[PDB]
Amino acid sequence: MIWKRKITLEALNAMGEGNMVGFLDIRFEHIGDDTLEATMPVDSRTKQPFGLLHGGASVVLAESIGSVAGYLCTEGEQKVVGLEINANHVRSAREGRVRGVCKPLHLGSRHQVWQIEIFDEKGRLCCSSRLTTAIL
């Protein structure tokens, strides 16, 4: 496994309480040996004014999963912050929940790179994102 920090799904989900992760109902649903997965609803909290999932909301999901994945790949008092984030909005979503799957592209001593793909309920790719973190 890639993780250096051991965490339960419960404890991972508790991290979001009282911050943006909790406010957007972002829910971590699976911790794999080398992947992390979370879902997020498409509703008033995350839509843009024309009824689509807000592009920014997709990026919130991507940066949330990638950043905490990165954090879990550090140890002790190391911190991880997002340094650069990018995404392509390949398909819109209008309802239900979307699901982001995060995998590592680079796990360095000082930086990491994470790939997050976000799918709708039909397994259709909606957002492809890449996140670069800095380890502090």
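Residue positions are given as counts along the sequence shown, with the first one as 1. Each form is matched to the other, and the largest set of C-alpha atoms that superpose within 1.5 Å is called the rigid core.
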Taking the root mean square of C-alpha distances over all structures and residues in 5 other deposited structures of this protein, with a rigid core superposition, name the larger of 83-91 and 46-54. 46-54
Mean temperature factor over C-alpha atoms, higher-scoring stretch between 104-112 and 60-68: 104-112
Which wins on mean Cα temperature factor, 51-59 or 91-99? 91-99
Once the chain's modelled residues are ordered by C-alpha B factor and cut into thirds, is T46 in the lowest, middle or highest one? lowest
With respect to C-alpha B-factor, does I135 fall in the lowest, middle or highest third of the chain as deposited? middle
Could you say whether, by C-alpha temperature factor, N86 belongs to the lowest, middle or highest third of its chain? lowest
For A11, the third of its chain into which the C-alpha B factor falls: highest
